[PDB]
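Please treat every number below as a calculation from the coordinates, not as lab data. As a convention, Cβ positions derive from the backbone with ideal geometry for all residues, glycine included, and neighbour counts pool all protein chains shown.
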Amino acid sequence: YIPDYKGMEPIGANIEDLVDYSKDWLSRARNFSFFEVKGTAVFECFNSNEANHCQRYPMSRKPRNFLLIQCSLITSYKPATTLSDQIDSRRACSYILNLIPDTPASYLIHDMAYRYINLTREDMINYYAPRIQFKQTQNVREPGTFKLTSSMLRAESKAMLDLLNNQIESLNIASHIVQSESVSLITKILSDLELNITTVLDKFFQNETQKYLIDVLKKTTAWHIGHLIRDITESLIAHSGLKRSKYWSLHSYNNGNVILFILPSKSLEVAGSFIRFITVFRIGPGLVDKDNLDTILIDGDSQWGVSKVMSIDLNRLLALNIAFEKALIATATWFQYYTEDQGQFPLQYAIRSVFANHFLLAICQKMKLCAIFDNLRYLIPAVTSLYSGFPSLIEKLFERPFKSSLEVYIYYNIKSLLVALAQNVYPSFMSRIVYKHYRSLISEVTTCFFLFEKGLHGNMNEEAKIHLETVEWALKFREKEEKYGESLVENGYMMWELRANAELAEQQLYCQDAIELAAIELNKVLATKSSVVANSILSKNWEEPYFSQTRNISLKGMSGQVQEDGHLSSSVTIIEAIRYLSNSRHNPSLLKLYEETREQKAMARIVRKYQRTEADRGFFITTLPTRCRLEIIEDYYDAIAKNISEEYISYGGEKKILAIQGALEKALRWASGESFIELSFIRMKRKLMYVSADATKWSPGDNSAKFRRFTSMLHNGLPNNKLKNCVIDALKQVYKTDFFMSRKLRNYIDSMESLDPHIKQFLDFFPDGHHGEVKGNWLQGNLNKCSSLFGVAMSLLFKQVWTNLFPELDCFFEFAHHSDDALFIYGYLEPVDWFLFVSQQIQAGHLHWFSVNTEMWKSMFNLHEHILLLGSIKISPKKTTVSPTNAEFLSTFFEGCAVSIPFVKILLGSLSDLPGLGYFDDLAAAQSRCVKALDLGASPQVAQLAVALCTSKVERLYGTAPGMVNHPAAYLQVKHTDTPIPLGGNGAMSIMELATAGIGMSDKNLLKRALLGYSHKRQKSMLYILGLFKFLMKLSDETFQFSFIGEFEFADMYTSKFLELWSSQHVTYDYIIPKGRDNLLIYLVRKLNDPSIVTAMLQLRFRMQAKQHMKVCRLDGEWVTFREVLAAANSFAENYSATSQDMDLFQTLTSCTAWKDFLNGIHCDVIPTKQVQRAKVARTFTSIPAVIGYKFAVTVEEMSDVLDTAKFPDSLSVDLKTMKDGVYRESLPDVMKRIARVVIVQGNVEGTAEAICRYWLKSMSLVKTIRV
RNA sequence: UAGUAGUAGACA
Ligand SMILES: [Mg+2]
């Protein structure tokens, strides 16, 4: 009932007081926090940091390894098969046995080759045999392994095995010798990798992309070496099973030239496990590092390189498996960007070198390189800006040991590139070309950065790193509390305290007057839309049940009760919901739950986000009362946030780019024309300086208590303060939290047995050794809408103070705040008399006017930063860049109105992130991410190439590819093109059709081509396809994208048959979430036992190799394999006979489901004009479950639940009828159950749902304009 | 100086 609370009393805060303080503070000399970029300054920073680094780390004479797998190719590579594998293994063992071992690695290789070549005939028959045909033997225990005891192991081999089963340094980068050696080595490797080995969309692809990219790259040794690495990694993954990992293995590739020896290892299924192997190759061009080779045996006029015993984890193994494609996709993206930039096609040598560099980066999956590229992606914007904090970025760059010889090469490259950039046409990073646009260079380095997989950090020395920041800032907060008193820090310091001390204006301390005036400036705007504000505030689920929302049902992850170990349990949200519902007697609303759990202390943990940044960020797992309080605050401020612009987090994930582009366009429109200043006119030029700003420590270095005062003065449309007081109390109860250290960190501390001083300082934060109190720091991600709104309010307060300071100048300001990320557009005035006016103003008693005489934007930013510090927002000196032409926001780059959104992240993620729901499901998902890239800016040719790559990957993984086990052609009497996708199918579909028509069209189109065959011709093959479709329909009906497809704590509280009966009885609950306690509890128990939920709660990517031959599909309510499903499909289609109802359904579906004809029906021709690139912009594409819940609603409880769920309470009936009409345009329970976008265009294109399709048709050609 | 990782002792 929203009980009353302690509402805060406003105090006498006056804007004039802040204006006077601003006058006094601006009347003196201020130190700019940014440095003007120069070639001399950047070079001096590099030299000084080199000198310091020479003594920071101990020198290392021997550069360390950087290539995970070493192999060499001199002829074209043919993919390996079982027969070729056996022949090559025989040849390779014969070659190896005629060599003299020198090192323990060579001795072990010789011993294993001798053992393999002496395996009996039955062993070699069972070796290479399929799983079904395999039989156990003395010498062979698994299809691709053999045993090796100590009896057949030499003394040296045993010694090296003991070495396996048993202080940081750096290279002298300041030395020219080390740099020269590293550059020469990496240049040799790249030159070896560049060597040559000796519809309308289809025609455009073959003319532009195939001719100039694929045909050029088909002969490079990088291409064939990528294929060879794919084969080697496939063999390694096959060995990494839970059964095969304990044995030895031997494989050979490329006519016995490359040999892989797999040592016993822990299976990659277990966490923190490595697979150990040795690769022996003939010395030649390729990924050869002579210094890091274990040995180079000398055969007769030949050299055999034996590499070191490499231990590779699952992440790096899966990265190496798909690295030909990550290199190919990156090269295609670079090709498209070069075409956009220079307007012509890249030459052969440039594209070959780019592909070689991308392949080398994809192979060397090392954390040091990932950190270097993470630093570089911020360093490049700093040196191309007018003022930036580049010295700090260079210092952070020099904070790493350059152990590998690749890191020295990349460091030399980035040093040269940054020195060249600061001295100025934008030089490229991996080529000798020079770009015409900064967006191309920044996209190139971003693409290089995205080639590194997420989670390359040390598994153990990162859980401490994620804790250190929180502990350090909590200690700083305690120090401030002891220095200034608990009351001052919690409630904020008065304005006179700031005027007297002047050291109070820092982080974790806020000024009450600043908060109040910021709230006043925001509610001045809010007074115009108070009605909408109240409507949005009341529109949230204040009185709705708490656990009937989707977020509280999800599996995201939350904490549990404190256990006897003293640690905080890690459960899922659904489990905590079930627990509380079981203990409670009713399902309370948000406010009722908050009142129930108000007295409980907020507890939290931290877990890794698994990013690719230099330092891994950890996100916090909060308990249930903490989640309730944060949801209250977030709902309130999000409701307020939407009705105010200049904050771009309340906006949807898709409207942010449109909003920021509109803001930039408004800034550009204002910049047009001049301004007139009254002499007391004078003409003044209107300038435009963007400031891409970031906060130093958004969450850790803030004081959440400030929001209290904000919420006490923010004006909403509500008549009473009950909700505002509830939000204030929720803010009060989230002030102090119990930060719990993880179990891994506790075990790490326990195993130490002797603590370093800094580990002791970290540990004393936790008194009992498990949890420590953290004050004033809202945990990361918990308060983002509120923080963005507060930042916008502070910016508006600064704008008001500036306007009151100099009313004679009509300056222009915009602010964009997406949490810590921000963009400040400053339109100031520049003289074309101004100095005389400034002198007169100074002599008139306005001592603060002298800050505007020259470079007024400096003083504007100084005042803005100080006013932001009057809260707790510290603009980061490092990652904030000012520039008069460019901007960076929301991970996108703006050239005025032009927008450049990276689309590489989802193109590369198509292969690396497969959902695993099912063959059709994951194939559609992978095809969907190519559509998203096509929306974000990828050209149709690049999207087509990427989609071909990922569907080839899915076909290879599931065996659907022709010639393999699960090829439907050999068991379904079809041509593999007339096969439904859920039962195989080609899956090759034009990206245009997926983008426009839909993803499942490849099935539906077939249906049409079936029906036209069955009606006009009555062919038996069409009847067979119809039977296949009927089998899919039957499976979809039996088991219950959008198409027909073919243990825990509380999961055992209700019987499975009880769940089935309940689901059959309460049909409506399949579409709506219940509201009563018992019904919601049963719904949640059923949700726990859903196979998709259990599977969802990468390891799946690795385990799919074994899952391929196991029973994963569902047939007649039984778990069966895919091959049996295909055989059943063949039998049922052969025994299928047509019926009237099926024919009627097919005619209705084919008549009601067309866009393909328009795509290929339009004409195209090359206009005699070269393609010109314009400033790209963004366009847009231009409750239902409740009515279905109404349809099956029978009981009073279900009727009440569906009534509450619907946005419109009593309109459902009418809506249902209208929906029925819609269905009749495109009633029975069966048919009812079965029925159940921003694109980066060029400037000219319209925003119609067909205009974007026409633009995509235009964009298929990359260098030539076309006409429709 | 077997690998990954690391100016947090890990995988073991
Ligand atoms: Mg930024």
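Could you work out how far the C-alpha centroid of the range A:486-565 sits from that of the range A:161-200, in angstrom?
Centre-to-centre (Cα) distance: 52 Å.
What's the exposure ranking of A:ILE96, A:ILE466, going from fewest to most Cβ atoms within 10 Å?
On the way: A:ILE96 27, A:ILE466 21.
So the ranking, lowest neighbour count to highest, is A:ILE466, A:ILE96.
Please list, by residue number, everything in the range A:879-893 whose backbone N is under 17 Å from a paramagnetic label point 7 Å out along Cα→Cβ of A:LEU668.
Once the point is set 7 Å along Cα→Cβ of A:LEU668, A:883-889, A:892-893 turn out to lie under 17 Å by backbone N, inside the range A:879-893.
At 222 nm, what value in deg cm²/dmol follows for chain A if DSSP H runs of at least 4 each add -39500 (n - 2.57) and the sum is divided by all its residues, to the nearest 500?
Values: 52 runs with 624 residues, N = 1268.
For chain A, the value works out to -15500 deg cm²/dmol.
Suppose each label sits 7 Å from its Cα in the direction of the beta carbon; what would the A:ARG1267-A:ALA1236 distance come out to in nanometres?
4.7 nm
What whole-number distance in Å separates the alpha-carbon centres of the range A:883-953 and the range A:767-789?
So the two Cα centres are separated by 34 Å.
At a 10 Å Cβ-Cβ cut-off, how would you order A:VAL838, A:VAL904, fewest neighbours first? Don't jump to the answer; show the numbers that get you there.
Numbers: A:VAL838 19, A:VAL904 28.
By the 10 Å Cβ count, ascending: A:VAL838, A:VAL904.
Can I get the semi-axes of the range A:1142-1268's equivalent ellipsoid? Compute them from the C-alpha gyration tensor as square roots of 5 times the eigenvalues, in angstrom, largest first.
Values: eigenvalues 409, 88, 18 Å².
With the √(5λ) rule applied to the range A:1142-1268, the semi-axes are 45, 21, 9 Å.
Explain nothing, just compute: Karplus ³J(HN,Hα) = 6.51 cos²θ - 1.76 cosθ + 1.60, θ = phi - 60°, for every residue of the range A:1019-1034 in order, whole Hz, x for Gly and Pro.
Each residue's phi maps through the Karplus curve to give 6, 6, 5, 5, 5, 5, 5, 4, x, 4, 4, 5, 5, 4, 4, 5 Hz.
Mean projection of the alpha-carbon convex hull of the range A:478-582 over all orientations, in nm²? Present the calculation step by step, with values, prior to reporting the outcome.
Details: hull surface 46.7 nm².
For the range A:478-582, averaging the hull's shadow over all directions gives 11.7 nm².
For the cross-link pairs A:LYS655/A:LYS1030; A:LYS609/A:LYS642; A:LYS476/A:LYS744; A:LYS685/A:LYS1176; A:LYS203/A:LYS1017, which exceed 30 Å when the distance is taken from alpha carbon to alpha carbon? Could the numbers behind the result be given before it?
Working: A:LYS655/A:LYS1030 42 Å; A:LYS609/A:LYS642 28 Å; A:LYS476/A:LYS744 25 Å; A:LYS685/A:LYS1176 28 Å; A:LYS203/A:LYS1017 32 Å.
The answer is A:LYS655/A:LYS1030; A:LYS203/A:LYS1017.
Taking the alpha-carbon set of the range A:840-952, what are its Rg and Dmax in Å?
That works out to 24.3, 79 Å for Rg and Dmax.
Over the range A:474-513, one equal point on each Cα, no solvent: what is log10 I(q)/I(0) by the Debye formula at q = 0.25 Å⁻¹?
-0.80
Taking a 31 Å limit on the Cα-Cα distance, which of the listed pairs A:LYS266/A:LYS403; A:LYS246/A:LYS1107; A:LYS6/A:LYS878; A:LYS592/A:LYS1057; A:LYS78/A:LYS403; A:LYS147/A:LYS1111 fall beyond it? Numbers along the way, then the final one.
Values: A:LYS266/A:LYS403 28 Å; A:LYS246/A:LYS1107 20 Å; A:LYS6/A:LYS878 41 Å; A:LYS592/A:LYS1057 35 Å; A:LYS78/A:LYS403 36 Å; A:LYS147/A:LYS1111 29 Å.
Listed pairs above 31 Å: A:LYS6/A:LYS878; A:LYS592/A:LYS1057; A:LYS78/A:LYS403.
Give the whole-number value, in cubic angstrom per residue, of the convex hull volume spanned by the C-alpha atoms of the range A:207-297.
Numbers: hull volume 13.3 nm³, N = 91.
Cα-based convex hull of the range A:207-297, divided per residue, equals 146 Å³.
Per Stokes-Einstein, at 4 °C and 1.567 mPa s, what whole-number D in µm² s⁻¹ belongs to the range A:33-177, with the Kirkwood radius over Cα pairs as the hydrodynamic radius?
On the way: Rh = 20.6 Å.
In µm²/s, the coefficient rounds to 63.
Positive end of the charge dipole of chain A (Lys, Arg +1 and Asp, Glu -1 on Cβ, about the Cα centre): tell me which of A:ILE372, A:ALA1206, A:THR81 has its Cα farthest that way.
Comparing the listed Cα positions along the dipole, A:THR81 ranks first.
For chain A, with only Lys/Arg (+1) and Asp/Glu (-1) charged at the beta-carbon, what is the dipole magnitude about the Cα centre, in debye rounded to 20?
Details: 141 positive and 135 negative charges, 641 e Å.
My answer is approximately 3080 debye.
Let me check I have the definition right: for the range A:71-321, take the eigenvalues of the Cα gyration tensor, multiply each by 5, take square roots. What are those semi-axes in whole Å, largest first? Let's see the in-between values first.
Numbers: eigenvalues 200, 132, 70 Å².
Sorted largest first and rounded, they come to 32, 26, 19 Å.
At a Förster radius of 22 Å, what calculated FRET efficiency corresponds to the Cβ-Cβ distance of A:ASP1157 and A:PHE1181, to the nearest 0.05? Walk me through the numbers on the way to the answer.
Details: r = 21 Å, r/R0 = 0.95.
The computed FRET efficiency comes out at 0.60.
Calculate, for A:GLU269 and A:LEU679, the FRET efficiency according to 1/(1 + (r/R0)^6) with r their C-beta to C-beta distance and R0 60 Å; round to the nearest 0.05. Don't skip to the answer; put the middle values down first.
On the way: r = 80 Å, r/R0 = 1.34.
Efficiency at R0 = 60 Å is approximately 0.15.
Computed over the Cα atoms of the range A:828-902, what is the convex hull's projected area averaged over all directions, in nm²? Please report the intermediate quantities before stating the final value.
Details: hull surface 29.3 nm².
The Cα convex hull of the range A:828-902, projected and averaged over all directions, gives 7.3 nm².
Give the residue list of trypsin sites (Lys or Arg not before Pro) in the range A:503-587 that are DSSP loop and have at most 13 other beta-carbon atoms within 10 angstrom.
Values: sites: A:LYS524, A:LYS529, A:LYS540, A:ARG551, A:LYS556, A:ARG579, A:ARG585; in loops: A:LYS529, A:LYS540, A:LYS556, A:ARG585.
Here the sparse-neighbourhood loop sites are A:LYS556, A:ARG585.
Of all beta bridges DSSP finds with both residues in chain A, what is the antiparallel percent, to the nearest 5? Intermediate values should be presented prior to the final figure.
Working: 83 of 90 bridges.
Antiparallel bridges make up about 90 percent of those DSSP assigns within chain A.
Give the distance, in whole Å, between the Cα centre of the range A:357-423 and the Cα centre of the range A:278-331.
The two parts, judged by their Cα centres, are 25 Å apart.
So, in nm, how far is label A:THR696 from label A:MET152 when the simple model puts each one 7 Å beyond its Cα toward the Cβ?
Rounded to a tenth, the inter-label distance reads 6.5 nm.
For a quick check: sort A:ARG131, A:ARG608 by the number of other beta carbons within 10 angstrom, fewest at the front. Walk me through the numbers on the way to the answer.
Details: A:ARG131 10, A:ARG608 19.
The fewest-first ordering by Cβ neighbours comes to A:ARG131, A:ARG608.
Could you calculate the FRET efficiency of A:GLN342 with A:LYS219 from 1/(1 + (r/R0)^6), where r is the beta carbon distance between them and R0 is 30 Å, rounded to 0.05?
Values: r = 24 Å, r/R0 = 0.80.
Step by step, r from the Cβ atoms, then E = 0.80.
Using θ = phi - 60° and the Karplus curve 6.51 cos²θ - 1.76 cosθ + 1.60, what whole-Hz ³J(HN,Hα) does each residue of the range A:1003-1010 get, with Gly and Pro shown as x?
3J(HN,Hα) across the range A:1003-1010, in whole Hz: 6, 4, 3, 4, 3, 4, 5, 7.
Run through every distinct alpha carbon pair of the range A:985-1055 and return the Kirkwood hydrodynamic radius in angstroms, one decimal place. Walk me through the numbers on the way to the answer.
Numbers: mean 1/r = 0.0675 Å⁻¹.
Averaging 1/r across every pair of different Cα atoms and inverting gives 14.8 Å.
Please quote Rg/Rh for chain A to two decimal places, taking the Kirkwood radius as Rh and restricting both calculations to Cα atoms. Before the final figure, lay out the partial values.
Details: Rg = 33.3 Å, Rh = 34.5 Å.
That ratio is 0.97, to two decimals.
State, to one decimal in nm, how far the label point of A:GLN55 lies from the label point of A:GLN1141, with both points 7 Å from Cα in the Cβ direction.
About 8.9 nm separates the two model spin labels.
Give the cross-link partners of A:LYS1217 among the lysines, using a straight C-alpha distance below 27 Å as the criterion and excluding same-chain residues fewer than 8 apart.
Straight-line reach from A:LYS1217, under 27 Å: A:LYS1075, A:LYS1191, A:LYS1207, A:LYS1233.
Could you tell me which residue out of A:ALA271, A:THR295, A:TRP334 lies farthest along the dipole of the range A:270-353 toward its positive end? Charges go on the beta carbon: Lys and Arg +1, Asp and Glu -1, centred on the Cα centre.
A:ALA271
What ³J(HN,Hα) values, in whole Hz, does the Karplus curve 6.51 cos²θ - 1.76 cosθ + 1.60 give for the range A:169-177 when θ = phi - 60°, with x put for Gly and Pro?
10, 8, 6, 7, 5, 5, 7, 5, 5
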